[PDB]
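Novice: One structure coming up, written as C-alpha cells, with questions to follow.
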Amino acid sequence: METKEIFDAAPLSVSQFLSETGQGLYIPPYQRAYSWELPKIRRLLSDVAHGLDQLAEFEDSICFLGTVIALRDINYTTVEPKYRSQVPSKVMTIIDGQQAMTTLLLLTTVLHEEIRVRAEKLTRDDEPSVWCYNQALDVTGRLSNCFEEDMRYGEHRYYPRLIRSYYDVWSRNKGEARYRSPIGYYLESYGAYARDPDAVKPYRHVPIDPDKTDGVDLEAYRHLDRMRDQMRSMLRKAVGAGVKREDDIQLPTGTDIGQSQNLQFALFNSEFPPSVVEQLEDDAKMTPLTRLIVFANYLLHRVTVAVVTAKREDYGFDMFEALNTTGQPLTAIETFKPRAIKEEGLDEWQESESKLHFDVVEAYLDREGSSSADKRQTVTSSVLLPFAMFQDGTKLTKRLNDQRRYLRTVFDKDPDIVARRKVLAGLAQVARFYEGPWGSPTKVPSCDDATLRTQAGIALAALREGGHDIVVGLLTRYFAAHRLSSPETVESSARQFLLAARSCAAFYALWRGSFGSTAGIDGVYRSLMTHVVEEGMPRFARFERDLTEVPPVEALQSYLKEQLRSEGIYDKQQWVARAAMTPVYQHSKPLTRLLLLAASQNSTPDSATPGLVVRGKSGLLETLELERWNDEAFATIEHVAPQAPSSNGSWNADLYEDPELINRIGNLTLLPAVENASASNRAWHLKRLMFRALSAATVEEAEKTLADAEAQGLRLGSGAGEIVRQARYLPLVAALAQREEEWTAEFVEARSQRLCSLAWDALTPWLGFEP
Amino acid sequence: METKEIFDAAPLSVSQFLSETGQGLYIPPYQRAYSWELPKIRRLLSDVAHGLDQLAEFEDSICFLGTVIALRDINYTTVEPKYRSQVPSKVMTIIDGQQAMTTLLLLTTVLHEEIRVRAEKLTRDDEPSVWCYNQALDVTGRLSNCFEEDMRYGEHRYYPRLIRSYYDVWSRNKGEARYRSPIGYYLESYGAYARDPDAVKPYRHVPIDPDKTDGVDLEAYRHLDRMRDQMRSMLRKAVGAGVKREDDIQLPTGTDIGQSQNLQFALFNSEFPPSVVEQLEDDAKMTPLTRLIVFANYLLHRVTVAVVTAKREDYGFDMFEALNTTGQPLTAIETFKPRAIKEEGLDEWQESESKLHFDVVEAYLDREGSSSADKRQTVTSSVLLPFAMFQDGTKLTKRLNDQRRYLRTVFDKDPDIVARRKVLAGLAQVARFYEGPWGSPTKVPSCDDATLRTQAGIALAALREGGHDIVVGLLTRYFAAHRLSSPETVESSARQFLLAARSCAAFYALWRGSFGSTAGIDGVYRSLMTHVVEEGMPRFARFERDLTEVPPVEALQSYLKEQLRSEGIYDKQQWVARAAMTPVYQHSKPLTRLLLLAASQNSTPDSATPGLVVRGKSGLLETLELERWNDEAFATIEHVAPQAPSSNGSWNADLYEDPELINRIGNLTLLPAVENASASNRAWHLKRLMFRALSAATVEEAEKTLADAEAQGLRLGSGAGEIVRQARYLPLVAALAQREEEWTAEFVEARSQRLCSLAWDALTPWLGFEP
Amino acid sequence: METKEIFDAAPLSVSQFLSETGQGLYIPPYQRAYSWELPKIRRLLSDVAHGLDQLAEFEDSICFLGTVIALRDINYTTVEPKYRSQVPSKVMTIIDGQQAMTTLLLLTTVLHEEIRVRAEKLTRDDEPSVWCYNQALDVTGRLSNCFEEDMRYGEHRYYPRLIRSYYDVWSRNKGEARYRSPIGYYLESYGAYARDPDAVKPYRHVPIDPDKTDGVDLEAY
C-alpha cells in the first residue's frame with residue numbers, strides 16, 4: 001500500500017478505447033444528462049480536423065482529446081439495474097468525461113452513416129473507385145465494432161457502449177433488455193439501422209417513446225438527437241459545396257490527401273495507388289467520400305484520450321478532485337520567451353534589443369491582460385493573429401499548441417540574429433499599434449493633411465468597432481514603416497499609412513455593404529498578403545525581408561479593386577443594386593453608421609423628391625471625420641418605421657411582408673439625442689414631427705415646432721430630453737421632415753437606393769477608383 | 001504510433017517521488033516564480049493533517065496531493081546552463097505542479113528542522129525516550145535525503161532538488177555550481193545547516209546576495225523565505241501551546257496516536273511498545289515530538305502525488321491542456337441520491353416518501369444554487385453542515401469526501417427504512433427552514449402572541465446577518481415539530497420554536513458581547529446537541545428517534561444558562577464588566593445593532609446625568625420587533641467620536657489611548673437617514689448639533705435647529721439629505737443632545753456601562769433568567 | 001482475474017535492481033546452499049566482461065545476466081524468524097536465481113575492495129590521478145549501497161541484502177539481529193570492513209564460528 005494500484009493511466013486511440021473486445025462504457029447513476037451545446041461540439045470536430053490537417057505537415061503530431069477517469073467496476077456493483085447472467089466482462093463506470101464520450105460515439109455514428117451511403121453511390125468498376133469502395137468498407141466495419149459489440153446470441157444480440165444506469169440494461173436475452181437512455185436508445189436504433197440488409201438509404205431516426213419512457217425529460221432526447229444530426233450536417237457540409245463559411249470544419253482536400261505521403265502511411269499503412277492520387281487531384285465524384293474516410297481514420301487511430309482507471313469508487317472520486325486542481329497553462333508567448341533568451345546571444349541579455357521588444361509585448365500583455373488568466377490568453381491571441389498576418393501571412397488559430405508551434409517556426413526561420421530580433425520587433429510594433437490608434441484613434445500618426453488625419457481616424461475607429469481585425473495585420477505592417485524610415489521619409493510613411501487606413505475602411509464598407517457578411521474578406525486579405533506583387537521586387541506583408549521596406553502605398557488599392565471585380569461587383573449600378581437590398585442594421589451597426597456618414601457627406605435636402613438627399617456643396621459639412629464618428633451630436637441609428645409594431649400603432653404594412661425592409665439604409669438616419677430611452681419615437685406622424693423638430697434654421701421655429709409636437713405628446717417620458725434650443729444641422733432628417741405623403745415601402749426602396757449611391761460616390765475615391 | 005509512450009503516469013508517495021536515488025527535479029525557464037500565498041499553504045498542511053486524522057479511523061484511506069506533469073528530459077535538452085559531466089542522471093523538468101513541489105520541499109525542510117532539534121532535547125536514558133529518539137533519527141534522515149542528494153565527491157558534493165533554469169547549475173565542482181534561485185538557495189543552505197556537526201540550534205537563515213544575484217526580484221527570496229518560516233511556525237503552533245485558534249492545523253494528540261493500532265502499523269509497520277503509549281497518553285514532554293514525527297511519516301509515505309511523464313516537451317504541454325479540461329466534480333448530495341434510490345425499496349420509487357424529501361432538497365439546491373457550479377457546492381454545504389448538527393450532532397467539514405462519508409454513515413445506521421427515510425426527512429426539513437424564516441424572517445410560524453412573532457423575527461433576522469449559523473441545527477430541529485404535530489399541539493410547537501429563536505439571539509447577544517469571539521459557542525452548541533438530557537426520555541438533537549418528538553421547549557434555556565456560568569460570567573455586574581470593554585463595532589455590526597435595540601427598549605433620555613438613558617415605560621415604543629430591525633428609521637451605527645480624525649478636527653485624544661474605545665457601545669447610537677453619505681459628521685459640536693436636530697419634539701424646534709446647525713453647516717455635501725420636517729423618536733439621540741461638557745473617555749465608559757446594563761436587563765428575560 | 005497480476009516482469013540493471021532504496025532480498029528456507037563451482041563464476045565474469053568489450057563497438061549492445069523469479073512478500077509471511085518492528089519495508093524472497101544473486105553481491109564486494117584499496121594508493125595530486133580518485137569514490141559508494149543498506153539507527157545499523165531464512169534476521173537492534181548464513185555473514189563482515197575508518201588495507205576475512213554455527217555445514221562457509 002503506497003502505489004498499491006490506487007490508479008492507472010494510459011493513452012489510447014479512440015479505436016483502442018472504444019472497440020475493446022469485451023468492454024462496456026457505463027454512465028453511473030449520478031451523472032447529469034447530455035449537455036454540450038453545439039459550440040463545444042464544433043470545437044471538438046474542428047480540433048480533430050486541425051490535428052489531421054497538421055498531420056500532413058508533421059508526420060508524428062498526435063492530437064489529444066482529454067481525459068476519461070473511470071471505475072473498473074469488477075464486481076458490477078455500480079451497474080444498478082443489472083443481469084449478472086450476462087453483463088459485459090469489463091464494465092467501466094465513467095466518472096468524468098462521460099460527456100465527451102457520448103459525443104464521440106455519436107460522431108462515429110454519423111461518420112459511419114455517411115461513409116456507408118456515399119460508398120454505395122460508388123461505381124464499383126473503375127479500379128480507383130473499387131479501392132475507395134474497399135477502404136470505405138474497412139472504416140465502416142471499424143466504426144461498427146466501435147459503437148456496438150456483437151455478443152453472440154439472442155434477440156438484442158448487439159450491445160451499445162455508453163448506457164446510463166436506470167434507463168438501459170445490457171442483456172442479450174429477449175425479455176429484460178432495455179436501451180432507453182438518450183445515448184442508449186440512439187446507439188441501439190442507429191446500430192439496428194446499420195444492420196438493415198437492403199439498406200443504403202441515409203439514416204432517418206424514429207425518436208423513442210412510442211408510448212412510454214418519461215424516466216428522462218423528453219427534452220434530453222430532443223437535445224441528443226439534435227446534436228447527432230447537426231454533426232451529421234457539419235461533416236456533410238465540410239466536404240461538399242463551395243459556400244465554405246468561416247467556421248465550418250476544414251478538412252484537407254482531394255489534392256491535399258493525394259499528395260501527402262505521410263498522411264497516407266500513417267492512416268492507411270501504405271502509399272496510395274497512383275490512379276487514386278490522380279482521381280483525387282481534381283475531386284472527381286469520389287473525393288468527398290475519400291475525404292470522409294481519411295477524416296474517419298484519423299479519428300480512429302490518431303486522436304487519443306487519456307484513460308485513468310481506479311479500482312475503488314471513492315479513489316476515483318478523490319482522483320477527479322485531484323485533477324480538477326491542476327494549474328494554469330501559459331500563453332504561447334510565455335513558453336516561447338526561453339527560445340529567444342537562448343539566442344541573445346547566450347544568457348547575457350538585459351540591454352539587448354530583444355529584451356526591449358519583449359518588454360514591449362510583455363507590458364501590453366500585463367496591462368490589458370492581468371485581470372484574469374484566460375483574459376491574458378485572449379489578449380495574447382489578439383496580438384498573435386495580427387502578427388501572423390504581419391510577419392508571415394498565415395491564419396493563426398485560437399488553440400494553444402498552434403501559437404506555440406507557429407511562434408517556434410517563425411522565430412527559427414532566419415537562424416541568425418538581427419533578423420530574428422526583427423521578427424520580435426514585429427510583435428512589439430503590433431502591441432504599440434494597439435496602443436496608438438486603437439486605444440483612442442486620435443493619435444493615428446502626425447503629418448499635416450489635417451483632413452487626412454481625422455479621415456483615416458474615422459477609418460480606424462470604424463474598423464475597430466465592428467470586427468475586422470483581419471486588417472490589423474496590414475495596418476501594423478504600415479504603422480511599422482512610419483517609425484522605421486530615414487528621418488526624411490517620415491511624411492511619405494505617414495501618408496501611405498493614412499491612405500491604407502482609409503482604403504481598408506472603404507473596402508470594408510463596400511464588401512460588407514453589398515454582401516451580407518464577412519464572407520470572403522478574411523481570406524481575400526490573406527491572399528493579398530501572400531500574392532506576388534511586381535515580379536520579385538517585394539511581397540505584400542513583410543515576409544522575412546526587412547520591416548521598413550515594402551509594399552508601396554497603393555498596391556493595396558489596385559489589388560482590392562481588381563478583386564472588387566471578380567465576385568465583388570464595383571460599378572455603382574451593380575454595387576448600389578446589391579447594397580440597397582441588404583439589411584445593414586442586422587449586420588454591423590457601425591457599418592451602417594459609416595454608410596450613413598458617407599451618404600451625407602456635405603449633403604443637402606432634395607427638393608425635387610421630398611425625402612431624398614443630394615450632394616454638391618464640396619465642403620458644406622463633411623462628415624467623414626473622426627471627430628464626427630464619436631460626435632454624439634448625431635449618433636443614434638433611428639429607424640423611420642420601427643421594428644416593433646406588435647398591434648400596429650398604425651403604419652403601412654407594405655413595409656413588413658419582407659422583414660428585411662425595416663433594416664435597410666433607406667429606413668435609417670442618424671438622430672441626435674434620444675434613441676428609445678429619454679424622449680423618442682411613435683407612429684409615422686409623431687415621427688415626422690420628431691424629425692421636423694430637429695431641422696429648423698431659426699429658434700422662432702425650433703420653439704414653435706417643439707410646441708407643435710407637444711400637442712400629440714412630443715415631451716414623452718417627462719418633458720423632452722435635451723430638447724429646448726437645439727441648433728445642429730442634419731441633412732438626412734431635413735429631407736425626411738419634408739416628406740408628407742406616407743411611409744411607403746417603395747419609398748424606402750428608392751431612398752436606400754439614393755443613400756447607397758451617395759455613399760458609394762463618397763467613398764470609392766478611397767480605393768482611388770478607375771477600375 | 002498509437003500509445004507510443006506519448007505519456008506515462010503513476011502514483012507515488014511523496015517519499016518515493018522525491019527521494020529516488022538519481023533524480024533531479026528541474027523548474028524550466030518559463031515557470032513563474034514561487035506564487036502560493038499562505039492560505040494555500042495552510043490548505044496543504046491541513047489536507048495532509050486531515051489525511052492522518054482520517055487514517056486513524058479508516059486504516060486504508062489514502063490521501064492525495066494533486067498532479068505533477070514533467071518531461072523526462074533524456075538528452076538534457078532543457079537544463080539550460082549545464083555541465084553534462086555531471087548533470088544528474090535523471091532530470092524531470094516539471095511542466096506543471098512545480099509550485100506544489102516547491103512547497104513540499106520547504107515542508108520537508110521544516111519537519112526535519114523541528115524533529116531534529118526537539119529530538120536533541122530528548123533525555124536518551126528512559127526506554128520510551130530512546131524509542132522516540134531512534135524513531136526521530138529514522139524520519140530525520142529520510143526527510144534529509146528527500147530534499148538533497150549525496151553525489152559523492154568535491155566541494156558542492158551535495159545536490160538540491162528543484163533548481164529553476166538560468167539561475168542554478170547542478171554540479172559538484174569547485175567553481176561552477178550555483179544555487180541562486182529562491183529554492184535552489186534555500187535547499188542548499190538548509191541542507192548545509194543540517195550537515196553542520198556541532199549544530200542542534202534551530203535554523204536561523206541568511207538570505208542570499210552577500211553582494212549579488214540580481215537576475216531575480218529580491219522579493220522572490222522574501223516571499224519564499226517567509227513562507228518557509230511560517231510553515232515552520234504553523235507546525236510549531238500545532239503541537240505546542242494551548243491557544244488553539246479556529247484554524248491552526250489539527251493533528252492527533254499523544255493519546256490519539258498512542259491508542260490507534262492502525263496509525264502505528266501503517267506508519268511504523270508495527271505496534272508501539274507500551275511504555276511509549278503510556279508516556280504518550282499524557283503528552284509528557286515527548287509527545288509533541290511524536291506528533292511531529294507521525295505527521296512527517298504520514299507526509300512521507302501516505303501522501304501520494306500523481307506523476308505524469310512525457311518524453312517530448314510538446315506532448316507535455318498538450319497533456320497539460322488535456323488535463324485542464326477535467327469536468328466539474330459533483331456535490332455530495334448528487335453522488336448520494338443513488339444510494340437511497342436503492343433502498344426505496346428497489347428501483348420502483350416515484351411516489352415513495354424519500355422522493356418527496358429529495359425533491360425538497362433538490363429544489364432548494366436548484367433554486368439558490370444554479371448560477372454557477374462552486375456556488376452549487378457552496379449551497380450544498382450550507383444545507384449539509386446544519387444537517388450534520390440536526391440528525392447527528394457533528395461538525396462536518398467543507399470538504400467533499402467528508403460530506404460523502406457522513407451522508408453514507410448517517411443514512412446507513414438504522415438499516416431498515418422509515419428509520420432511513422426519516423434520516424432523509426431531516427435534510428428536507430433543513431431546506432425548508434432555510435425557506436421559511438431565513439429568506440424573509442417575517443414568516444416565522446403561526447400562533448398568536450403577536451409579540452412573540454416579531455420578537456423571534458428580530459431574533460432570526462439578527463442571527464442571520466452576522467454569522468452565527470451554528471444555531472441552524474437547533475432551530476430546524478424545532479421548526480420540524482411545528483409542521484409535525486397532532487393538530488391540537490400546533491400552538492405548543494409554534495411557541496417552543498419562537499422562544500427557541502429568542503433564546504439563541506439572547507445567548508448570542510450575550511456571548512460575543514462579553515467575550516471577544518465565538519470562542520466556545522460552536523463547541524457549546526455541539527455539546528448541547530450531544531449531551532444526554534433527562535436520562536432516557538429523549539436526546540437534544542433528533543438522533544434516530546422520531547422527528548415530531550423532543551426535546552422540550554425550555555431545556556435550551558436551562559443548559560444555556562448553566563453554561564453561561566463556567567467560563568461565561570452572567571451576573572449583570574460581571575457581564576457588564578466584560579461587555580463595557582469589548583469593541584463590539586470591531587466584531588459583528590449586527591451584534592451592535594442587537595445590543596443597541598435591546599438597550600433602548602422603551603428607553604428614555606436620562607436627566608440626572610446629561611446623556612445617559614433610563615428605562616421604565618413598559619410600552620413606550622418597544623424596539624425588539626422584526627418590524628424594527630429593517631426599520632431604516634433608526635438604522636445607522638453612528639460613532640459619537642469618529643474613527644477618522646487623522647489631524648484632529650479637534651476632539652479629545654482621551655478616547656484614543658486605546659484603539660478599542662472608539663468602538664464600544666458608549667460611542668455608538670442608532671441614527672436615521674445619513675451615515676457619512678448624504679449630509680454628515682464633523683467635530684464634537686457639529687456632532688452635538690446633528691444630534692440636537694433629530695430630537696426635536698416640535699416643528700418650531702425642528703426648523704429652528706436645522707437652521708442653527710447650517711450656520712456651522714449641517715447641510716454638508718449639498719443641502720442636508722432627507723432633512724426637513726422629521727418627526728421620529730430616537731430616545732438615545734436626545735440624551736446625547738443633552739450632554740454639553742465635552743466627550744470624555746470617562747463618560748464614554750460610564751455610558752457604555754449604562755447601555756450594557758440596560759440591554760442585559762432587556763434580554764436576559766429571553767432565557768427566562770433566574771440563574 | 002485473467003491477468004489480475006498473476007506475475008510481473010521487467011528488466012533492471014544490477015544497480016537499480018540491488019540498490020532499491022528500501023528492499024531486502026531473502027533466500028527462502030528450501031533453497032539449497034551456495035553451489036556454483038568456480039567455472040560458473042568464471043563464465044559469469046567473462047560474460048559481463050565480453051558485454052563490456054562489445055559496448056565499445058556497438059554503442060547500444062546491452063548485456064543480460066539471466067533471470068530472477070521472486071515473491072514480493074507483502075505481509076512478510078516467508079521471513080521465518082522475523083522482527084516485524086523493523087523488517088525491511090519491501091522483501092523479495094527469491095524463488096529462482098538466488099545463486100546468480102549470491103554471486104553478484106559477492107562480485108560487488110570484491111570490486112569494491114579492489115577499487116577502494118587501489119584508489120588509496122593514488123597520489124592525489126596529479127590531475128588524472130585526482131580525476132581517478134573521485135571516480136573511484138563515486139563507484140566505491142555506489143557499490144556499497146549496492147550490498148548493504150543504512151537503516152538509520154542502532155548497532156547492526158546496516159542491513160545486508162540476501163539473507164536465507166532460519167539463519168539471519170534483519171533487525172537493527174542490539175540483541176535480536178543475526179547473520180550466520182554463508183552470505184549473510186560475508187556481507188555483514190565485508191560491510192563492517194568497508195566502513196572501517198583507518199583501513200585501506202586489503203580485506204582479510206575472519207570466518208565465523210568463533211565458537212558456534214553448525215546450523216549449516218561449515219563446508220558451505
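Please note that chains go A, B, ... in the order of the C-alpha cells, that every chain numbers its residues from 1, and that ligands are numbered from 1 in the order shown.
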With chain B as the partner and 8 Å as the cut-off, tabulate the residues of chain A that qualify, each row holding the nearest pair of atoms and their distance in Å to one decimal, using only C-alpha atoms, sorted by chain and rising number, as JSON lines.

Specialist:
```
{"residue": "A:2", "atom": "CA", "partner": "B:13", "partner_atom": "CA", "distance": 6.0}
{"residue": "A:3", "atom": "CA", "partner": "B:11", "partner_atom": "CA", "distance": 5.4}
{"residue": "A:5", "atom": "CA", "partner": "B:11", "partner_atom": "CA", "distance": 7.8}
{"residue": "A:6", "atom": "CA", "partner": "B:11", "partner_atom": "CA", "distance": 7.1}
{"residue": "A:7", "atom": "CA", "partner": "B:11", "partner_atom": "CA", "distance": 6.8}
{"residue": "A:8", "atom": "CA", "partner": "B:10", "partner_atom": "CA", "distance": 6.5}
{"residue": "A:9", "atom": "CA", "partner": "B:9", "partner_atom": "CA", "distance": 5.5}
{"residue": "A:10", "atom": "CA", "partner": "B:8", "partner_atom": "CA", "distance": 6.5}
{"residue": "A:11", "atom": "CA", "partner": "B:3", "partner_atom": "CA", "distance": 5.5}
{"residue": "A:12", "atom": "CA", "partner": "B:3", "partner_atom": "CA", "distance": 5.8}
{"residue": "A:13", "atom": "CA", "partner": "B:2", "partner_atom": "CA", "distance": 6.1}
{"residue": "A:29", "atom": "CA", "partner": "B:338", "partner_atom": "CA", "distance": 6.4}
{"residue": "A:30", "atom": "CA", "partner": "B:335", "partner_atom": "CA", "distance": 5.5}
{"residue": "A:60", "atom": "CA", "partner": "B:1", "partner_atom": "CA", "distance": 7.9}
{"residue": "A:64", "atom": "CA", "partner": "B:322", "partner_atom": "CA", "distance": 6.7}
{"residue": "A:65", "atom": "CA", "partner": "B:322", "partner_atom": "CA", "distance": 6.5}
{"residue": "A:66", "atom": "CA", "partner": "B:322", "partner_atom": "CA", "distance": 4.3}
{"residue": "A:67", "atom": "CA", "partner": "B:323", "partner_atom": "CA", "distance": 6.6}
{"residue": "A:96", "atom": "CA", "partner": "B:327", "partner_atom": "CA", "distance": 6.3}
{"residue": "A:97", "atom": "CA", "partner": "B:327", "partner_atom": "CA", "distance": 6.9}
{"residue": "A:166", "atom": "CA", "partner": "B:347", "partner_atom": "CA", "distance": 7.9}
{"residue": "A:301", "atom": "CA", "partner": "B:2", "partner_atom": "CA", "distance": 6.5}
{"residue": "A:302", "atom": "CA", "partner": "B:2", "partner_atom": "CA", "distance": 6.6}
{"residue": "A:304", "atom": "CA", "partner": "B:2", "partner_atom": "CA", "distance": 7.6}
{"residue": "A:318", "atom": "CA", "partner": "B:64", "partner_atom": "CA", "distance": 7.3}
{"residue": "A:319", "atom": "CA", "partner": "B:64", "partner_atom": "CA", "distance": 7.8}
{"residue": "A:320", "atom": "CA", "partner": "B:329", "partner_atom": "CA", "distance": 6.7}
{"residue": "A:321", "atom": "CA", "partner": "B:329", "partner_atom": "CA", "distance": 6.6}
{"residue": "A:322", "atom": "CA", "partner": "B:66", "partner_atom": "CA", "distance": 4.5}
{"residue": "A:323", "atom": "CA", "partner": "B:66", "partner_atom": "CA", "distance": 6.3}
{"residue": "A:324", "atom": "CA", "partner": "B:326", "partner_atom": "CA", "distance": 5.8}
{"residue": "A:325", "atom": "CA", "partner": "B:66", "partner_atom": "CA", "distance": 6.7}
{"residue": "A:326", "atom": "CA", "partner": "B:67", "partner_atom": "CA", "distance": 6.5}
{"residue": "A:327", "atom": "CA", "partner": "B:96", "partner_atom": "CA", "distance": 6.7}
{"residue": "A:328", "atom": "CA", "partner": "B:324", "partner_atom": "CA", "distance": 7.7}
{"residue": "A:329", "atom": "CA", "partner": "B:321", "partner_atom": "CA", "distance": 6.8}
{"residue": "A:334", "atom": "CA", "partner": "B:30", "partner_atom": "CA", "distance": 6.2}
{"residue": "A:335", "atom": "CA", "partner": "B:30", "partner_atom": "CA", "distance": 5.7}
{"residue": "A:337", "atom": "CA", "partner": "B:30", "partner_atom": "CA", "distance": 7.2}
{"residue": "A:338", "atom": "CA", "partner": "B:29", "partner_atom": "CA", "distance": 6.4}
{"residue": "A:347", "atom": "CA", "partner": "B:166", "partner_atom": "CA", "distance": 7.7}
{"residue": "A:401", "atom": "CA", "partner": "B:318", "partner_atom": "CA", "distance": 6.9}
```

Novice: Please report as CSV every residue of chain C lying within 7 Å of chain B, along with the nearest atom pair and their distance in Å (one decimal), using only C-alpha atoms.

Specialist:
```
residue,atom,partner,partner_atom,distance
C:84,CA,B:270,CA,6.4
C:85,CA,B:270,CA,5.1
C:134,CA,B:153,CA,6.0
C:137,CA,B:152,CA,6.7
C:138,CA,B:152,CA,5.5
C:152,CA,B:138,CA,5.4
C:153,CA,B:134,CA,6.1
```

Novice: Restricting the calculation to only C-alpha atoms: of A:480, A:462, A:637, A:594, which residue gets closest to residue A:541?

Specialist: A:480

Novice: Applying 9 Å and only C-alpha atoms, which residues near residue B:727 remain after dropping the ones on its own chain fewer than 4 positions away? List them as number ranges by chain.

Specialist: B: 694-699, 702

Novice: Next, dump the selected residues to file, keeping only C-alpha atoms, as a compact mmCIF listing (two decimals), in the first residue's frame.

Specialist:
```txt
# COMPACT_ATOMS: atom_id res chain seq x y z
CA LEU B 694 -33.07 64.76 15.31
CA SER B 695 -34.59 65.04 18.76
CA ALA B 696 -36.91 67.98 18.24
CA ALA B 697 -40.43 67.28 19.53
CA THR B 698 -41.87 70.32 17.74
CA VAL B 699 -41.51 71.74 14.29
CA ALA B 702 -37.03 71.21 14.16
```

Novice: Between atom CA of residue A:398 and atom CA of residue A:503, what is the spacing in Å?

Specialist: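 For atom CA of residue A:503 relative to atom CA of residue A:398, the distance reads 28.0 Å.
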
Novice: Quick one, how far is atom CA of residue A:629 from atom CA of residue A:458?

Specialist: 6.3 Å

Novice: Show which residues sit within 7 Å of stretch 18-26 of chain C, as a CSV table (one decimal) with N, CA, C and O atoms, in the first residue's frame. Count only C-alpha atoms, and ignore same-chain residues fewer than 5 positions away.

Specialist:
```
chain,number,residue,atom,x,y,z
C,88,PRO,N,12.9,-5.1,6.6
C,88,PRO,CA,12.9,-4.1,5.5
C,88,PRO,C,11.5,-4.0,5.0
C,88,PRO,O,10.7,-4.9,5.0
C,89,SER,N,11.3,-2.8,4.4
C,89,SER,CA,9.9,-2.5,4.1
C,89,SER,C,9.4,-3.2,2.9
C,89,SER,O,8.2,-3.4,2.8
C,90,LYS,N,10.3,-3.7,2.1
C,90,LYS,CA,10.0,-4.5,0.9
C,90,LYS,C,10.9,-5.7,0.8
C,90,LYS,O,12.1,-5.4,0.6
C,91,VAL,N,10.4,-6.9,1.1
C,91,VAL,CA,11.2,-8.1,1.0
C,91,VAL,C,10.9,-8.8,-0.3
C,91,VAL,O,9.8,-8.7,-0.9
C,92,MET,N,11.8,-9.6,-0.9
C,92,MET,CA,11.6,-10.3,-2.2
C,92,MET,C,12.2,-11.6,-1.9
C,92,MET,O,13.5,-11.7,-1.9
C,93,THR,N,11.4,-12.6,-1.7
C,93,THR,CA,12.0,-14.0,-1.5
C,93,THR,C,12.3,-14.5,-2.9
C,93,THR,O,11.4,-14.6,-3.7
C,94,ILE,N,13.6,-14.9,-3.1
C,94,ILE,CA,14.0,-15.3,-4.4
C,94,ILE,C,13.5,-16.7,-4.7
C,94,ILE,O,13.9,-17.6,-3.9
C,145,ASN,N,26.1,1.0,-1.5
C,145,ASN,CA,24.7,1.0,-1.3
C,145,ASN,C,24.1,0.0,-2.1
C,145,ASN,O,22.9,-0.3,-2.0
C,146,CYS,N,24.9,-0.7,-2.8
C,146,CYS,CA,24.5,-1.9,-3.5
C,146,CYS,C,24.3,-3.2,-2.7
C,146,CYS,O,23.3,-3.8,-2.8
C,161,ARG,N,22.1,-7.5,1.9
C,161,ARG,CA,21.0,-7.9,1.0
C,161,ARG,C,21.2,-9.4,0.8
C,161,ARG,O,22.3,-9.9,0.8
C,162,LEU,N,20.1,-10.1,0.6
C,162,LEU,CA,20.3,-11.6,0.7
C,162,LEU,C,20.5,-12.1,2.1
C,162,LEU,O,21.4,-11.6,2.9
C,163,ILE,N,19.8,-13.1,2.5
C,163,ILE,CA,19.8,-13.4,3.9
C,163,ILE,C,19.5,-14.8,4.3
C,163,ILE,O,20.0,-15.2,5.4
C,164,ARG,N,18.8,-15.7,3.5
C,164,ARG,CA,18.5,-17.0,4.0
C,164,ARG,C,17.5,-17.0,5.2
C,164,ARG,O,17.7,-16.2,6.1
```

Novice: Determine, counting only C-alpha atoms, which protein, DNA and RNA residues have an atom within 12 Å of an atom of residue C:113; residues of the same chain fewer than 4 positions away are not included. Present the result as a list in words.

Specialist: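 Using only C-alpha atoms, the neighbours found are residues 106, 107, 108, 109, 117, 118, 119, 120, 136, 137, 139, 140, 141, 143, 144, 190, 191, 193, 194, 195, 199, 200, 201, 202, 203, 204 and 205 of chain C.
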
Novice: Could you tell me how far atom CA of residue B:227 sits from atom CA of residue B:519, in Å to one decimal place?

Specialist: 27.7 Å

Novice: I need the residues of stretch 96-188 of chain C that end up classed as strand (DSSP E) by DSSP on the backbone, written out as a PyMOL selection string.

Specialist: chain C and resi 96+149-150+158-159

Novice: For N, CA and C atoms, I'd like the residues from the last selection saved as a PDB file, in the first residue's frame.

Specialist:
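That gives us part-v1.pdb:
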```
ATOM      1  N   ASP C  96      13.857 -18.275  -7.767  1.00  0.00           N
ATOM      2  CA  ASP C  96      14.913 -18.794  -8.618  1.00  0.00           C
ATOM      3  C   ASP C  96      15.866 -17.676  -8.998  1.00  0.00           C
ATOM      4  N   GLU C 149      22.596  -1.695   3.306  1.00  0.00           N
ATOM      5  CA  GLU C 149      21.741  -0.514   3.345  1.00  0.00           C
ATOM      6  C   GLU C 149      21.625   0.017   4.756  1.00  0.00           C
ATOM      7  N   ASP C 150      21.721   1.322   4.885  1.00  0.00           N
ATOM      8  CA  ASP C 150      21.903   2.025   6.149  1.00  0.00           C
ATOM      9  C   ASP C 150      20.533   2.219   6.734  1.00  0.00           C
ATOM     10  N   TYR C 158      23.419  -1.510   9.810  1.00  0.00           N
ATOM     11  CA  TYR C 158      23.441  -1.792   8.399  1.00  0.00           C
ATOM     12  C   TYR C 158      22.821  -3.147   8.119  1.00  0.00           C
ATOM     13  N   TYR C 159      22.050  -3.187   7.051  1.00  0.00           N
ATOM     14  CA  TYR C 159      21.380  -4.374   6.618  1.00  0.00           C
ATOM     15  C   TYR C 159      22.078  -4.873   5.405  1.00  0.00           C
TER      16      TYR C 159
END
```
